[PDB]
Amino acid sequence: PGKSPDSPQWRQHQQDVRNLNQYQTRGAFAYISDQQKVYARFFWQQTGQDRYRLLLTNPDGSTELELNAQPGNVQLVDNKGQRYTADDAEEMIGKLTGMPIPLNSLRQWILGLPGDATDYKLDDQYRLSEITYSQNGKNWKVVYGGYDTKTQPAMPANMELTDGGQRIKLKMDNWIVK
């Protein structure tokens, strides 16, 4: 049955997450679509409200992709060192890598926050459990597995999101927050 979104504990959990100044996680990344299959280790570091770096690496240790976002300056770097710049991370990853994603929202979802989503459920611990979000004529479903309760506040330990044609799976080995 989970818990009600109107619960003070939910609002407090969101506040505790938003009050953090830095977030860092790493783990297994899986992206699958009818035109691509990407498996890699990921590293996510967010040092500002809208400042973050996503790094995807292969077993070789080689860099598959780098997405470094700063307000007014998002840079995408591919394995060949080719650099591209834009003012929107979602638009760039959507038309540059072949991996379209509601990234502007995912950046909040990965922290256990709903972002612009208004259709969601919470688990028994007042933490985000499922999200239904529409954009670009598609409907995304986000599902959360267990949370990492070794940090304060607790952060998502695993999640999956899909809109049918695209599926992204993330498994976090750990988190560091401050």
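We number the residues from 1 along the sequence you see.
For the pair 57 to 65 and 148 to 156, the mean B factor over Cα atoms is greater in 57 to 65. Relative to its counterpart among 70 to 78 and 84 to 92, 70 to 78 has the higher mean temperature factor, C-alpha atoms as listed in the PDB entry.
Each of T162, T25, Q9, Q15 has a CA temperature factor in the record; the biggest one is found at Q9. Set against one another, the Cα B-factors of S129, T132, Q35, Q45 in the record reach their highest point at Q35. Remark: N104 belongs to the middle third of its chain, ranked by C-alpha B-factor as recorded. In the deposited entry, the Cα temperature factor of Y39 sits in the top third of values across the chain's modelled residues.
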